[PDB]
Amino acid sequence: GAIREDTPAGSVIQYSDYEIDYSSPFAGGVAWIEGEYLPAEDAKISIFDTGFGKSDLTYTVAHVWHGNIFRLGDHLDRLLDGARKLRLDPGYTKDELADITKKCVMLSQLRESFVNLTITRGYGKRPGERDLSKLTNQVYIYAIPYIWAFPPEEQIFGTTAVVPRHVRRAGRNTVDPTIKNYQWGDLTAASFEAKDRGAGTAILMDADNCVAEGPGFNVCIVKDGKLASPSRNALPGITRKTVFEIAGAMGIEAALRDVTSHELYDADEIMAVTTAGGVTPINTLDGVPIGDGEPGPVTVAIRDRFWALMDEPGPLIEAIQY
């Protein structure tokens, strides 16, 4: 399996130059399942894990770029906070999960990597146990080659979006988007609608015609040199957190607030932000260019800064010891 793919020449996005030693069976991808390190290709879970049958779980995703894992501490904090709200117990400390995660990456030998930690309600002594008190919660962790929500070419030159005609985001009182979850029924439906409409992605609205988020990303808009991102029906994203910190360092006002359907359509810039590929300019909405139809200046400034962070020793990154 490829550990690299093309990125625009000279751009802020470049994979590491290195060779993996495939004499190790862990080379290229690792999972940690029921306390054992496995080749990613061998990684299997009980079909009776209620994380399958009820999607009764939470998770987080972190990236590794140039051998640096990005904000793992913040990822573990959000994961464990969510698990606590779901009455889940990983049975491992934050530092224990940090060491297991870093070991997955190290065994993979991947310098660019998509890293998942999942906590499930789990399974009991026999299949089809339904008393939560009898289910042993499971931790599953994996590190695999880098995943792009949008290809490198779109990270640099922009993607396109539609607002679905047929779908809205599940609200915080249904399948709660503020706890990261695998329940993508609405997100999958929106993505199918964007693909059918020839667009790169979908931006979903909440029940009150406020911007929610997209399938695997938060949305930020810029209007009159100010940045806004949805406060209610949206994951509290760590990329969004990073974007707000960059904006403050640049003297750009950044508010978490309701962004109405009016404000989305009237935006000077629209961007997608996510762990899986960073900051994506959205050049077009429902076939209408935003600004001049190319990546906006705040979006370009913040994106370029984001990728620079992956090479600057400091609290946001930790070097994997390969």
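A residue's number is simply how far along the shown sequence it sits, counting from 1.
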query: Higher-scoring stretch by recorded Cα B factor average, 207 to 215 or 136 to 144; finding: 136 to 144
query: Higher-scoring stretch by recorded Cα B factor average, 14 to 22 or 294 to 302; finding: 14 to 22
query: Candidate set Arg71, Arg78, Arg169, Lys94 [ranked by C-alpha B-factor, highest]; finding: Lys94
query: Residue selected from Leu187, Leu107, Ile221, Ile156 by maximal Cα B factor; finding: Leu107
query: Cα B factor band for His63 (lowest, middle or highest third within the chain); finding: middle
query: Third assignment of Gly53 from its chain's C-alpha B-factors; finding: middle
query: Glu129 - which third its CA temperature factor falls in, relative to the rest of the chain; finding: highest
query: Where the record places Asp196 (Cα B-factor, split into thirds across the chain); finding: middle
query: Third of the chain's Cα B-factor distribution that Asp266 belongs to, per the entry; finding: middle
